[PDB]
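Asker: Structure incoming, see below.
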Amino acid sequence: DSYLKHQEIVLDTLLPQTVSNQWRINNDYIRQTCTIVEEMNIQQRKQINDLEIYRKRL
Amino acid sequence: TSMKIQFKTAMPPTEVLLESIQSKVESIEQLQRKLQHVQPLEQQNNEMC
């Protein structure tokens with residue numbers, strides 16, 4: 118029974134190692150998405166300026 | 493005569509064991525059941541990793 122508790126503890130440590138790494142892959146992705154948000158939002162704001170300006174000039 | 497002597501000696505050695513072993517069989521088998529859930533959580537985490 119003491120042998121089984123040592124084996125069972127090794128599985129739980131592998132669960133934390135995978136959990137720590139999958140959070141890290143998500144954490145790197147979250148910073149990229151926020152930066153891709155502002156680049157798309159600035160692109161949309163510049164586009165809405167150009168559509169309004171071209172009608173105003175004509 | 494042997495089935496009288498040995499099996500009554502067997503039932504005494506079993507029930508004296510089963511008062512002690514079936515408590516620690518449940519300590520063994522329920523900890524075996526923790527392994528089959530720690531393995532199933534390991535595969536879906538390694539798949540998501």
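Chains as they are written, first to last, in full-length UniProt numbering: chain A, 118 to 175; chain B, 493 to 541.
Ideal Cβ positions, reconstructed from N, Cα and C, are used throughout, including at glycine.
Against residue 510 of chain B, what residues of chain A qualify as contacts under a CB-to-CB distance less than 7 angstroms, listed in chain order?
Answerer: Within 7 angstroms Cβ-Cβ: nothing; residue 510 of chain B doesn't reach chain A, min ~16 angstroms.
Asker: The alpha helix (DSSP H) spanning residue 493 of chain B covers which residue range?
Answerer: Neither: residue 493 of chain B is in no alpha helix (DSSP H) and is coded neither H nor E.
Asker: Can we say the segment 131–146 of chain A touches the segment 519–529 of chain B, given the rule of at least three CB pairs closer than 8 angstroms?
Answerer: Segments in contact, no.
Asker: Taking only beta-carbon positions, decide if residue 142 of chain A is within less than 9 angstroms of chain B.
Answerer: yes
Asker: Using the Cα positions of residue 156 of chain A and residue 162 of chain A, report the straight-line distance between them to the nearest angstrom.
Answerer: So the alpha carbons of these two residues sit roughly 10 angstroms apart.
Asker: Among A:120, A:140, A:122 and A:125, which residue has its Cα nearest to the Cα of residue 540 of chain B?
Answerer: A:140
Asker: Measure the C-alpha to C-alpha separation of residue 174 of chain A and residue 159 of chain A and round it to an integer number of angstroms.
Answerer: 22 angstroms
Asker: When the cut-off is 9 angstroms and only beta carbons count, does residue 145 of chain A lie next to chain B?
Answerer: No - not a single Cβ of chain B is within 9 angstroms of the one on residue 145 of chain A.
Asker: If you count every other CB in all the chains shown that lies within 10 Å of the CB of residue 506 of chain B, and 16 or more means buried, which is it?
Answerer: exposed
Asker: Would you kindly check if the distance between the Cβ of residue 519 of chain B and the Cβ of residue 118 of chain A is under 9 angstroms?
Answerer: yes
Asker: Rounded to the nearest angstrom, what separates residue 164 of chain A and residue 136 of chain A at their Cα positions?
Answerer: 42 angstroms
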